[PDB]
Structures are given as structure tokens and as C-alpha cells.
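We begin with a single chain expressed as C-alpha cells, specifically the form deposited without this ligand.
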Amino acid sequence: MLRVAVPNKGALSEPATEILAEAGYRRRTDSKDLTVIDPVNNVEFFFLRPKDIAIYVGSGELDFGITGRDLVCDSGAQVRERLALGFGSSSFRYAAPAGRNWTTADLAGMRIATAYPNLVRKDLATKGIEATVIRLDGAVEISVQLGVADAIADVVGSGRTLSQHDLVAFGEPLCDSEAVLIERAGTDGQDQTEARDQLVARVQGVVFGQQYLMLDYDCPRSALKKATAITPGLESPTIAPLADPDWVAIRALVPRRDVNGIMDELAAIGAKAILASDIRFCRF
């Protein structure tokens, strides 16, 4: 029996449930209750505060959690990052009032407000800089106008929050917010290593599969050699005859980020009815 911690609210909650569903786990019956028991898969899911998930995995009984990479950097927990999940990512920056040409060295002896004080204190220490780091519970950007701090450190999205308070980011970026699957450190006893390996392989199938599309298309046999070079697939393309003997159908996996260039090339050699379909799971 495995126990898995899932974010109960915020930007990571829906895509976390989505990826767990595509790996074949029971979806949350209703957003009101806070556990979901999966008897067929032998897993129980707990919906918890995002900022706490790393502590639950690292000091508690949870085998796995899904949380942001910055929240693991801030927690001080000793957990293993098994997979980057491909969503939720965003930079983490120092920021200060526009129009003063701030640089990292200006932070020495200043007051820096953040919701991630342990992350920031370790970053400054590595750079050899001492400052006064002030923990706040949320929305730190207004703390400069209101006199609590000289600079801040926070997740930045597209900079909307910074510009709305006349702040400019500076310095080298910190530990980012990408969603990760974390695992409790420790070997335990074989029979539990196996159940843990199974969950990781299943989530990995979604993480990998979601990077590709399946292309299906009709192709003249005369253009078949060129098509094979254009879509080599993961092993080699599938080739099947059509009723018309001068034609075949070709099936091949292609990366999402390559798809439109690939289709233009296929169209130019005579390919017709070029179909593209979502992949949600693939065990390579």
C-alpha cells in the first residue's frame, strides 16, 4: 500500500491530477474530501497544502509527492527528485525598485522579503553574501512600498506582478518552480522497492508519451523511401497497404515540437490526409 501526496489547490493541482489519471490511477471523486483510496492499484492519495508536501514525504509516511522544485529547495527535506513533470515551471528572481541599477552585490546587509526564506538564505550563503531575510506568508511584492524590505525574492511568471509594483528582476536566477515527482529517501525492504518502482515507471510513461504525437498518413509507394527518412519513428515506421496497390499508410511517432515542419515536408512529397493524434502514455 503506497501513500501519495497531491497538491490540493493552486496552479499545480489540476495538472497533477491530470497526469495521475493518465497513468491510470483513480481520479478524485469530488474536490471536497481530501483522500482518495485506489483499491485496484493499492495506492491512497492525500490532498495537502503545496508548501507542506515536501515535509510530508521527507519526515512522514508518504512514499511520493508532487510539488514545485522551489518548494523542495525551501523545505530542507531529504527527498529524491525522480522526474520533472513538464508543467508549472517559472523563474525565481531577486527584484528591487526600477530605476536604480541593482546588482547582486547590493544585497549585502539589506532586508530581503520572501515566502521562501530557507531557499534564499542558502543561495546568498553560497555566493558569500550576508543579509537579513524576512519570512512573509504570501504576496511579497508590496513589502517594498510598505517599508518592510529593500528587495524581494519570488517566483516570476511573465513579470506581471513585478511591473504592477515597479520592480525589476536582477541577478542569477534561483531554484525554479517546475513540478517534480519526489520520493522518500531510503531502501526499506525489497517488497516495497518493487511497488515504488511501478508507480515511477507509470508516471514516466506519461511524462515521456506527452512529448510526442502519432502521425498517420496515406503515401504513394513512389514517395515511400523519402517518407521513411522524414518520419523514422521511435523504432521504424509502420507500413501497411491500402486497397489501391499504388499506395500505403504510414504510422510513426514524432515530437510535438517538430510536428508542423514534418507535415510541410510530407505534403511536399505527395502525402495526403495527414492525421495527428495526442499520446498520453508510452513505455519506451
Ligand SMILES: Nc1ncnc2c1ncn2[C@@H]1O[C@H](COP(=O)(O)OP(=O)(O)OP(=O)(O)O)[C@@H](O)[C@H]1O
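Under this definition, the rigid core comprises the largest set of C-alpha atoms superposing within 1.5 Å between the forms. All residue numbers are counted from 1 along the displayed sequence.
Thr193, though modelled here, lacks coordinates in at least a third of the other entries of this protein that were compared and that model residues flanking it. Checked against the record, the higher mean CA B factor of 24-32 and 61-69 lies with 24-32. Per-stretch averaging of Cα B factors for 121-129 and 179-187 places 179-187 on top. Taking the deposited Cα B-factors for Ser90, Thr114, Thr104, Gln210, the highest one is held by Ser90. For the set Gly205, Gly159, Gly147, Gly86, the PDB entry assigns the largest Cα B-factor to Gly159. In this PDB entry, the Cα temperature factor of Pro173 sits in the middle third of its chain's modelled residues. In the deposited entry, the Cα temperature factor of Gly261 places it in the middle third of its chain's modelled residues. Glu141: CA B factor in the middle third of modelled residues in this chain (values from the PDB entry).
Ranked by Cα temperature factor within the chain, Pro39 sits in the highest third according to the deposited record. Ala11: CA B factor in the highest third of modelled residues in this chain (values from the PDB entry).
One more form of this protein, solved in complex with this ligand, exists but is not displayed; see below.
Within this chain, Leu20 is remote from the site of this ligand in the deposited complex, having no heavy atom within 4.5 Å. This ligand is not shown here, and in the deposited complex it never comes within 4.5 Å of any heavy atom of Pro15. At the 4.5 Å threshold, heavy atoms of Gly60 stay clear of this ligand in the deposited complex, well away from it. For the chain shown alone, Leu71 is a contact residue for this ligand in the deposited complex, at least one non-hydrogen atom being within 4.5 angstroms. This chain is drawn without this ligand; in the deposited complex, the residue among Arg26, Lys226, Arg221, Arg49 with a heavy atom within 4.5 Å of it is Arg49. With the partner removed from view, the residue among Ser89, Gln211, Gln78, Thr193 that has a non-hydrogen atom within 4.5 Å of this ligand in the deposited complex turns out to be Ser89. Look at 119-127, 81-89, 96-104, 144-152: in the deposited complex, residues with non-hydrogen atoms within 4.5 angstroms of this ligand sit in 81-89. Using a 4.5 Å cut-off on any heavy atom, the residues of 151-181 that reach this ligand in the deposited complex are, in sequence order, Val155, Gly157, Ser177. Just one residue from the list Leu213, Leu162, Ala115, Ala151 crosses the 2 Å line for C-alpha shift between this form and the one not shown on a rigid core fit, and it is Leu213. Superposition of the core reveals a Cα shift of 2 Å or more for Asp264 between this form and the one not shown. Relative to the superposed core, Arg251 undergoes a Cα shift of 2 Å or more between this form and the one not shown. Annotation: Cα of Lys226 displaced by at least 2 Å between this form and the one not shown, core superposition. In the deposited complex, the Cα-Cα separation between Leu275 and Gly24 grows by 3 Å or more relative to the displayed conformation.
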